[PDB]
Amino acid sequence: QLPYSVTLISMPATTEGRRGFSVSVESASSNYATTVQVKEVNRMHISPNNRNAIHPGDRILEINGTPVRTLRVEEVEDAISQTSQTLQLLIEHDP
C-alpha cells in the first residue's frame, strides 16, 4: 500500500564517538540481533551525502553486506562504534 524504500550507503571513517547515530537492538533468541533500529541521529556528524539517508525509526538490514540477524548484538554495536572503519549500511526507510 505504502512505499517500501531501501537505501545502501557508505559512511567514511571518522573520529571516536562521531558515527552520527545510535541503535536499539532487539535480540529475540540467543544473543543474535533480530532487528536493528536507528534510535537517534546527529545530522552534523554525518557526511553531507548521507545526511538525509538515515532517520530515527529506520531499520538496518545489513552491515557491510552481512544480514544483521546472523550477527551477535556486540558485533552490531562494535561495527557502529569502530569509527576507524568505513561502515556500509543497508537501510530500510520507515513509512
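Numbers follow the displayed sequence, beginning with 1.
*asked:* Going by the mean C-alpha B-factor recorded in the entry, which is higher: 25 to 33 or 51 to 59?
replied: Between 51 to 59 and 25 to 33, it is 25 to 33 that shows the higher mean C-alpha B-factor.
*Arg19's Cα B-factor: lowest, middle or highest third of the chain?*
Lowest third - that is where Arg19 ends up once the chain's C-alpha B-factors are sorted.
*Can you tell me which third, lowest, middle or highest, the CA B-factor of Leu2 falls into for its chain?*
Highest third, going by the recorded CA B-factors of the chain.
_Assigned third (lowest, middle, highest) for the C-alpha B factor of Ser10_ = For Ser10, the deposited C-alpha B-factor lands in the lowest third.
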